[PDB]
Structure formats: structure tokens, C-alpha cells
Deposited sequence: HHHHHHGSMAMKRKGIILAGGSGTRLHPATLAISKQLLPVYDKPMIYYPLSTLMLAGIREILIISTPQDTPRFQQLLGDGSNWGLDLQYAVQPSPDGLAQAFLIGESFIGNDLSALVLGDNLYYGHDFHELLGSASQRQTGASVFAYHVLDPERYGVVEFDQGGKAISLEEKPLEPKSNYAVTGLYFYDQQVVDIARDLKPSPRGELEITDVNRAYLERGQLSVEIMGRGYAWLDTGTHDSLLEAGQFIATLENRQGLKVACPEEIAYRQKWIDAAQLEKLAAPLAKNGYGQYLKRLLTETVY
């Protein structure tokens, strides 16, 4: 009898690549300017209207995310948690997240991706509304070799996907934000590991492409999709957010704000979250959101 879309954030082991900074704490707990990196994809899923979210991290890191975020109920969310013992590729998320997904639609977001721009809400909404097939976003980059790359024909139809090609067919990278129908778990179960031993998200997306069920929306150049892959790019992302926030006196990817604007929490709930933070600019910001109209 009938009378919905779940989220997954993959916040896994960045191995030893960013050591020694990441000896102290996992990558997606490092801040970008003023807030932990995971706040950014979490906020992204929230902006897409997703409230029920599974956070996949290492056994070691699970407790630390849990300590930061809890069960989400203060922000009107239902956050759950699962361990990824080993870094065996991004598609593993769907096998780990299998019982969490159930028979629902899903969205996957990488824990180290930051997005910003105008009408991002509307760009997400058109992905999450398409209730069959899958939807991904293509973004023009300088270094497409580092990503899944999309080739378009002359009428703008997607015709191939390639994982980290040495000779990319275009400058269009697939961003680390994906929307899936109920077929994803069964596609993911049939994947054989790749040459380097990972369950690849590109192979999942190619299965949808081969069935004619993949929507590739362009994420325009007027959106910022930022890179937290290196210490240098983590620093750029910090500068970028700081510049915007200090210009505007508005925050990017403040989860409490997003829950309040989605009406998942009300003004009294937002005031209670502001109380313990009253003595810093972040809690003062939440307080200011109770009385200021922001368009």
C-alpha cells in the first residue's frame, strides 16, 4: 500500500596522502575556513531536500563524525552511520548502504566536495525530481584527467564516460554528487573491481548510460565546484569561502540555516542551537537569522 530519496555521504580514508595534517583527524573533519569539511556536502544534500542520510567513514573516524553531528535530530535530520573497513572504491557505498537504501531512491555525495552558486537549489531539485534513472553533473575543469570525464556528441548528448583517462575526450568532469533510482544497488552488486582494484562509480554511471537512463546536466561555469584534494587546494577553498562570507555577512553551507529555511526546524529550535554558540560569530549569526529577512 502507498500513501522519497535518501542520502549517502562517503567520508572515507584519504590514506596517508595529506599527512601529517590528517594524522590528528580525518580529512572530512578538517575545517574549510570556519566549519568542518563535512558541513559542505551535508548542506548540499539538505538543499536537495534530503533528510535521511548515511555517513560512511572508517571504523576509527565513525565516532568522531558521530560526536560532531549526532543523529541529526537537532537539525531535523535522521543521520545514520556505517563503517567502511577498507578504501575499495566509491561504488562500495551502495553495498555498505544497501539496507539503508532499501527500496528508495538515493543520492551520493563525496565528503570533500564543495559547491557554491546561484539557484543551486533549483539545479539539485531538477536532479532529485527525475524519479527514474540516474542524474549526474558535468563541470568544465582544467585537469579532467583527475576525474570521471564525459564525452558529448555535437547535439550535446552524453556518449561516453571514462575514469581518469590519461587522454581525456573533453574538459567535462563528472562532479562527486550523484542521484540514483532503485536500480543502483543491483548494478553495484554486479561490478567487478577495476584494474587498480576499486569498485568504480564511473562503471555504475556507464550502466545507466548504456540503458539510456543517465541524465548529464551541465553545472555551469557560474558555479564554483572546489577541490579539497591537496593542502594547496584545501587552502584555496578556505580563502574562497572566507571572501564570500566576509563580503556578504552570510554563511555558505551553514546546516542550521538550511534546516531553518527548509522549515525542518522552527525559530525556537534555531534559538536553542544558537545559545551554546552565543559567544562566537557563528552562534551570533544563527541568532541574527531569527530576526533578519534574507532573500
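In sequence order, the gaps in C-alpha coverage of the deposited chain fall at 1 to 3, 7 to 11.
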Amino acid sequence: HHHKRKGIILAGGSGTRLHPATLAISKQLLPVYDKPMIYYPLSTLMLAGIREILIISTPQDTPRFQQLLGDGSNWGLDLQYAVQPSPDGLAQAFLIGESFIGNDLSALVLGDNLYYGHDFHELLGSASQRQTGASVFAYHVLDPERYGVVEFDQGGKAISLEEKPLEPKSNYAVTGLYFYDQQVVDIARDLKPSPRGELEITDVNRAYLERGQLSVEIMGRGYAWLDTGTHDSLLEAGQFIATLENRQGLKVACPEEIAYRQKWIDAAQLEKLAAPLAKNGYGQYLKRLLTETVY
From here on, numbers count along this sequence of modelled residues.
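Just so we're on the same page, rigid core means the largest C-alpha set that superposes within 1.5 Å between forms.
Of 50 to 58 and 225 to 233, the stretch whose C-alpha atoms sit farther from the shown form in 9 other deposited structures of this protein, after fitting on the rigid core, is 225 to 233. Two stretches, 102 to 110 and 189 to 197, are weighed by how far their CA atoms sit from the shown form in 9 other deposited structures of this protein after rigid core superposition; the farther one is 189 to 197.
Looking at mean Cα B-factors across 218 to 226 and 118 to 126, the upper value is held by 118 to 126.
In this entry, the higher average B-factor at the C-alpha atoms falls on 86 to 94, of the pair 86 to 94 and 107 to 115. Taking only the listed residues 78, 145, 151, 198, the entry reports the highest CA temperature factor at 198. Looking at 71, 181, 167, 210, the one whose CA carries the top B-factor in the deposited record is 210. Among all modelled residues in this chain, the alpha-carbon of residue 140 has a temperature factor (C-alpha) in the lowest third.
In the deposited entry, the Cα temperature factor of residue 9 sits in the bottom third of values across the chain's modelled residues. Annotation for residue 175: C-alpha temperature factor in the lowest third relative to the rest of the modelled chain, per the entry.
For residue 26, the recorded CA B-factor ranks within the highest third of the chain. Only modelled residues enter the ranking.
Remark: residue 37 belongs to the lowest third of its chain, ranked by C-alpha B-factor as recorded.
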